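Okay, structure first, notes after.
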Amino acid sequence: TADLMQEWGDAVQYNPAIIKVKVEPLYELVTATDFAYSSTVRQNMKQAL
Amino acid sequence: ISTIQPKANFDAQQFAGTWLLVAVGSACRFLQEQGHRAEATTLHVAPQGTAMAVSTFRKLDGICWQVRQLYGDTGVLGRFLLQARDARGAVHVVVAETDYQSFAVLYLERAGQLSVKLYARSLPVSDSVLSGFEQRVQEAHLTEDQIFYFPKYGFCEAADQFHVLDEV
Amino acid sequence: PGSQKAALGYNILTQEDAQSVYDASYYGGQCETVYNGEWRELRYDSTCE
């Protein structure tokens, strides 16, 4: 029923799924600001990944 | 804020049935903050001994909702207690005036927070009655600026099985 | 709610819960919370409508 589709779409505001995603690989978080040997860890992550 | 006298010889069996909310006045902010689009509200009043089961039928985004509530008898005729289900507090409801085929003026207070409502049996309402309500609002000490008339049409009855709060 | 069963051990021979393995009630002084997307619960203020 159109009513239940309305109710579903109302409730999606509060608990949505992720339809589209644009992602970066996690090594891009490895940053010298946080970690010694950042480059080395980064490269290791590339290889491991 | 006082326990004004209820309707002289209030009768749930005469007050029973359909009632149409005409207007409310209260400080309750949500009456004004998102106070727009207040849906038409109608009560079915059903005697349940000295208490009454009251079902408010209302729209919410066009979803027709029925709220089942007991106006529990205080033992004073026409004064009722709405029990709190860990709600913010029980509501003392005094049916202060009515003509059972015409109008009712219900006084409701929780935690010392008072509200007054005009209900009618008919879409047309004698301006006499409404003016009287206004008077009792002034006597309520509520400003006229707190009166919120409700839209004349778009009442709903017989909410879906899934659109009932069953609050009791 | 229901986090406790994830704690309990499992007996594959009987498919029955055991005693707790994990401490289901331990927080380590941390205050990680979880957004409950179904939190919506209708309430009607009679005094306000």
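Residue numbering restarts at 1 in every chain; chains get A, B, ... in the order shown in the structure tokens, and ligands count up from 1 in that same order.
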
| said: Select, as a PyMOL selection string, those residues of chain B with any atom no more than 10 Å from chain C (distances computed using only C-alpha atoms). | reply: chain B and resi 24-31+38-39+41+56+58+67+69+82+87-88+91-93+107-110+113-117+165+167

| said: For the helix (DSSP H, G or I) assignment from backbone DSSP, which residues of region 117-159 of chain B qualify? Please present them as JSON, numbers by chain. | reply: {"B": [127, 128, 129, 130, 131, 132, 133, 134, 135, 136, 137, 138, 139, 144, 145, 146]}

Put those residues in a file: N, CA, C and O atoms, as a PDB file, in the first residue's frame.
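This is the output file selection_12.pdb:
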```
ATOM      1  N   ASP B 127     -21.546  30.562  18.092  1.00  0.00           N
ATOM      2  CA  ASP B 127     -20.541  31.515  18.551  1.00  0.00           C
ATOM      3  C   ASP B 127     -20.721  31.844  20.025  1.00  0.00           C
ATOM      4  O   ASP B 127     -19.757  32.206  20.701  1.00  0.00           O
ATOM      5  N   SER B 128     -21.955  31.779  20.525  1.00  0.00           N
ATOM      6  CA  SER B 128     -22.212  31.891  21.959  1.00  0.00           C
ATOM      7  C   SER B 128     -21.308  30.968  22.775  1.00  0.00           C
ATOM      8  O   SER B 128     -20.600  31.407  23.687  1.00  0.00           O
ATOM      9  N   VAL B 129     -21.363  29.669  22.475  1.00  0.00           N
ATOM     10  CA  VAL B 129     -20.498  28.682  23.125  1.00  0.00           C
ATOM     11  C   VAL B 129     -19.028  29.074  23.021  1.00  0.00           C
ATOM     12  O   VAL B 129     -18.295  29.058  24.015  1.00  0.00           O
ATOM     13  N   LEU B 130     -18.553  29.333  21.803  1.00  0.00           N
ATOM     14  CA  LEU B 130     -17.149  29.689  21.605  1.00  0.00           C
ATOM     15  C   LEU B 130     -16.736  30.897  22.445  1.00  0.00           C
ATOM     16  O   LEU B 130     -15.683  30.887  23.091  1.00  0.00           O
ATOM     17  N   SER B 131     -17.527  31.966  22.402  1.00  0.00           N
ATOM     18  CA  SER B 131     -17.319  33.126  23.266  1.00  0.00           C
ATOM     19  C   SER B 131     -17.247  32.763  24.746  1.00  0.00           C
ATOM     20  O   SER B 131     -16.363  33.233  25.465  1.00  0.00           O
ATOM     21  N   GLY B 132     -18.214  31.988  25.233  1.00  0.00           N
ATOM     22  CA  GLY B 132     -18.107  31.414  26.570  1.00  0.00           C
ATOM     23  C   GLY B 132     -16.792  30.715  26.866  1.00  0.00           C
ATOM     24  O   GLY B 132     -16.195  30.910  27.927  1.00  0.00           O
ATOM     25  N   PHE B 133     -16.358  29.840  25.962  1.00  0.00           N
ATOM     26  CA  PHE B 133     -15.027  29.243  26.068  1.00  0.00           C
ATOM     27  C   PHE B 133     -13.928  30.295  26.214  1.00  0.00           C
ATOM     28  O   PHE B 133     -13.063  30.185  27.085  1.00  0.00           O
ATOM     29  N   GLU B 134     -13.905  31.278  25.315  1.00  0.00           N
ATOM     30  CA  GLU B 134     -12.988  32.414  25.437  1.00  0.00           C
ATOM     31  C   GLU B 134     -13.014  33.042  26.831  1.00  0.00           C
ATOM     32  O   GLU B 134     -11.967  33.322  27.426  1.00  0.00           O
ATOM     33  N   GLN B 135     -14.214  33.345  27.323  1.00  0.00           N
ATOM     34  CA  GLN B 135     -14.391  33.822  28.692  1.00  0.00           C
ATOM     35  C   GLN B 135     -13.708  32.921  29.715  1.00  0.00           C
ATOM     36  O   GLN B 135     -12.932  33.394  30.548  1.00  0.00           O
ATOM     37  N   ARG B 136     -14.004  31.624  29.681  1.00  0.00           N
ATOM     38  CA  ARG B 136     -13.380  30.691  30.619  1.00  0.00           C
ATOM     39  C   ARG B 136     -11.870  30.591  30.431  1.00  0.00           C
ATOM     40  O   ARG B 136     -11.160  30.220  31.372  1.00  0.00           O
ATOM     41  N   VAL B 137     -11.370  30.922  29.244  1.00  0.00           N
ATOM     42  CA  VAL B 137      -9.930  31.006  29.011  1.00  0.00           C
ATOM     43  C   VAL B 137      -9.341  32.220  29.720  1.00  0.00           C
ATOM     44  O   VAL B 137      -8.320  32.129  30.410  1.00  0.00           O
ATOM     45  N   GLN B 138      -9.972  33.378  29.550  1.00  0.00           N
ATOM     46  CA  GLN B 138      -9.582  34.546  30.332  1.00  0.00           C
ATOM     47  C   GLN B 138      -9.610  34.226  31.822  1.00  0.00           C
ATOM     48  O   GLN B 138      -8.658  34.521  32.553  1.00  0.00           O
ATOM     49  N   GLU B 139     -10.700  33.616  32.289  1.00  0.00           N
ATOM     50  CA  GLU B 139     -10.755  33.126  33.660  1.00  0.00           C
ATOM     51  C   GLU B 139      -9.695  32.061  33.921  1.00  0.00           C
ATOM     52  O   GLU B 139      -9.147  31.990  35.027  1.00  0.00           O
ATOM     53  N   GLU B 144      -5.796  34.914  24.988  1.00  0.00           N
ATOM     54  CA  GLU B 144      -6.364  34.579  23.684  1.00  0.00           C
ATOM     55  C   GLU B 144      -5.291  34.175  22.680  1.00  0.00           C
ATOM     56  O   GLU B 144      -5.513  33.290  21.845  1.00  0.00           O
ATOM     57  N   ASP B 145      -4.117  34.805  22.743  1.00  0.00           N
ATOM     58  CA  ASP B 145      -3.039  34.475  21.819  1.00  0.00           C
ATOM     59  C   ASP B 145      -2.609  33.017  21.922  1.00  0.00           C
ATOM     60  O   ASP B 145      -1.912  32.530  21.026  1.00  0.00           O
ATOM     61  N   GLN B 146      -3.040  32.300  22.955  1.00  0.00           N
ATOM     62  CA  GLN B 146      -2.775  30.875  23.088  1.00  0.00           C
ATOM     63  C   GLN B 146      -3.909  30.002  22.562  1.00  0.00           C
ATOM     64  O   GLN B 146      -3.802  28.777  22.630  1.00  0.00           O
TER      65      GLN B 146
END
```

Enumerate as a PDB file with N, CA, C and O atoms, in the first residue's frame the residues belonging to chain B that approach chain A to within 12 Å, with only C-alpha atoms taken into account.
```pdb
ATOM      1  N   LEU B  60      -2.016  11.797  11.178  1.00  0.00           N
ATOM      2  CA  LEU B  60      -0.595  12.121  11.288  1.00  0.00           C
ATOM      3  C   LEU B  60       0.012  11.859   9.913  1.00  0.00           C
ATOM      4  O   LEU B  60       0.240  10.705   9.540  1.00  0.00           O
ATOM      5  N   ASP B  61       0.275  12.931   9.167  1.00  0.00           N
ATOM      6  CA  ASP B  61       0.749  12.834   7.787  1.00  0.00           C
ATOM      7  C   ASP B  61      -0.242  12.091   6.895  1.00  0.00           C
ATOM      8  O   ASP B  61       0.146  11.430   5.931  1.00  0.00           O
ATOM      9  N   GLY B  62      -1.530  12.193   7.218  1.00  0.00           N
ATOM     10  CA  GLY B  62      -2.564  11.381   6.611  1.00  0.00           C
ATOM     11  C   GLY B  62      -2.703   9.969   7.128  1.00  0.00           C
ATOM     12  O   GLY B  62      -3.687   9.302   6.786  1.00  0.00           O
ATOM     13  N   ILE B  63      -1.765   9.477   7.933  1.00  0.00           N
ATOM     14  CA  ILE B  63      -1.986   8.224   8.648  1.00  0.00           C
ATOM     15  C   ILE B  63      -2.963   8.487   9.791  1.00  0.00           C
ATOM     16  O   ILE B  63      -2.669   9.236  10.725  1.00  0.00           O
ATOM     17  N   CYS B  64      -4.140   7.888   9.686  1.00  0.00           N
ATOM     18  CA  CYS B  64      -5.200   7.962  10.686  1.00  0.00           C
ATOM     19  C   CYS B  64      -4.837   7.200  11.958  1.00  0.00           C
ATOM     20  O   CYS B  64      -4.699   5.974  11.926  1.00  0.00           O
ATOM     21  N   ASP B 160      -6.509   2.249  11.423  1.00  0.00           N
ATOM     22  CA  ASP B 160      -6.025   0.891  11.213  1.00  0.00           C
ATOM     23  C   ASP B 160      -5.630   0.224  12.524  1.00  0.00           C
ATOM     24  O   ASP B 160      -5.244   0.875  13.498  1.00  0.00           O
ATOM     25  N   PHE B 162      -2.983  -1.186  12.974  1.00  0.00           N
ATOM     26  CA  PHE B 162      -1.580  -0.849  13.159  1.00  0.00           C
ATOM     27  C   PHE B 162      -1.352   0.596  13.572  1.00  0.00           C
ATOM     28  O   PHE B 162      -0.214   0.960  13.883  1.00  0.00           O
ATOM     29  N   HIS B 163      -2.391   1.419  13.577  1.00  0.00           N
ATOM     30  CA  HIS B 163      -2.296   2.851  13.812  1.00  0.00           C
ATOM     31  C   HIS B 163      -3.088   3.208  15.061  1.00  0.00           C
ATOM     32  O   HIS B 163      -3.794   4.214  15.122  1.00  0.00           O
TER      33      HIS B 163
END
```

| task | Write out as a VMD selection string the residues lying within 9 Å of residue 72 (chain B), counting only C-alpha atoms and excluding same-chain residues fewer than 5 positions away. | result | chain B and resid 48 50 to 53 79 to 83

Give me a file of those residues, with N, CA, C and O atoms, as a PDB file, in the first residue's frame.
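Contents of the output file part_25.pdb:
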```
ATOM      1  N   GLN B  48     -17.027   3.270  30.682  1.00  0.00           N
ATOM      2  CA  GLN B  48     -16.377   2.058  31.166  1.00  0.00           C
ATOM      3  C   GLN B  48     -16.542   2.033  32.687  1.00  0.00           C
ATOM      4  O   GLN B  48     -15.619   2.296  33.458  1.00  0.00           O
ATOM      5  N   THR B  50     -17.629   3.944  35.831  1.00  0.00           N
ATOM      6  CA  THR B  50     -17.517   5.370  36.112  1.00  0.00           C
ATOM      7  C   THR B  50     -16.456   6.041  35.247  1.00  0.00           C
ATOM      8  O   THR B  50     -16.582   7.229  34.929  1.00  0.00           O
ATOM      9  N   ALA B  51     -15.413   5.309  34.857  1.00  0.00           N
ATOM     10  CA  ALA B  51     -14.428   5.828  33.919  1.00  0.00           C
ATOM     11  C   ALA B  51     -15.010   5.867  32.506  1.00  0.00           C
ATOM     12  O   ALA B  51     -16.128   5.409  32.250  1.00  0.00           O
ATOM     13  N   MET B  52     -14.238   6.419  31.566  1.00  0.00           N
ATOM     14  CA  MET B  52     -14.506   6.240  30.145  1.00  0.00           C
ATOM     15  C   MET B  52     -13.222   5.882  29.414  1.00  0.00           C
ATOM     16  O   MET B  52     -12.188   6.526  29.614  1.00  0.00           O
ATOM     17  N   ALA B  53     -13.295   4.855  28.574  1.00  0.00           N
ATOM     18  CA  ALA B  53     -12.428   4.745  27.406  1.00  0.00           C
ATOM     19  C   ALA B  53     -12.705   5.874  26.420  1.00  0.00           C
ATOM     20  O   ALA B  53     -13.843   6.048  25.971  1.00  0.00           O
ATOM     21  N   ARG B  79     -14.718  14.378  37.366  1.00  0.00           N
ATOM     22  CA  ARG B  79     -13.273  14.534  37.498  1.00  0.00           C
ATOM     23  C   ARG B  79     -12.596  13.189  37.284  1.00  0.00           C
ATOM     24  O   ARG B  79     -13.011  12.181  37.865  1.00  0.00           O
ATOM     25  N   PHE B  80     -11.557  13.180  36.452  1.00  0.00           N
ATOM     26  CA  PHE B  80     -10.911  11.950  36.028  1.00  0.00           C
ATOM     27  C   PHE B  80      -9.403  12.053  36.207  1.00  0.00           C
ATOM     28  O   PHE B  80      -8.824  13.142  36.217  1.00  0.00           O
ATOM     29  N   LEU B  81      -8.775  10.887  36.344  1.00  0.00           N
ATOM     30  CA  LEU B  81      -7.326  10.744  36.415  1.00  0.00           C
ATOM     31  C   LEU B  81      -6.846   9.876  35.261  1.00  0.00           C
ATOM     32  O   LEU B  81      -7.297   8.736  35.109  1.00  0.00           O
ATOM     33  N   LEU B  82      -5.936  10.416  34.454  1.00  0.00           N
ATOM     34  CA  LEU B  82      -5.234   9.641  33.438  1.00  0.00           C
ATOM     35  C   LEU B  82      -3.923   9.142  34.033  1.00  0.00           C
ATOM     36  O   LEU B  82      -3.011   9.930  34.295  1.00  0.00           O
ATOM     37  N   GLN B  83      -3.832   7.831  34.241  1.00  0.00           N
ATOM     38  CA  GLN B  83      -2.641   7.245  34.839  1.00  0.00           C
ATOM     39  C   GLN B  83      -1.436   7.444  33.928  1.00  0.00           C
ATOM     40  O   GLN B  83      -1.556   7.487  32.701  1.00  0.00           O
TER      41      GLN B  83
END
```

| chain C contacts to chain A at 10 Å (only C-alpha atoms) as number ranges by chain | C: 35-40

| request: Just the residues within 9 Å of residue 19 (chain B), please, counting only C-alpha atoms, with nothing from its chain fewer than 6 positions along; format it as number ranges by chain. | output: B: 41-45, 102-104, 119-122

| Test item: residues at most 8 Å from residue 1 (chain B), only C-alpha atoms, excluding those fewer than 2 positions along its chain, as a count of residues only | 4

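The space separating CA of residue 123 (chain B) from CA of residue 9 (chain B) comes to 25.7 Å.
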
| request: Within chain B, find each residue whose DSSP state, derived from the backbone, is strand (DSSP E), and express the selection as a PyMOL selection string. | output: chain B and resi 17-25+41-48+51-60+63-73+79-82+91-99+103-110+113-120+147-149

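Reported to one decimal place, the separation of CA of residue 18 (chain B) from CA of residue 106 (chain B) is 14.5 Å.
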
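Distances from C:10, C:41, C:1, C:34 to residue 22 (chain C) were compared using only C-alpha atoms, and the smallest one belongs to C:10.
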
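Taking CA of residue 41 (chain A) and CA of residue 20 (chain A) as endpoints, the distance between them is 29.4 Å.
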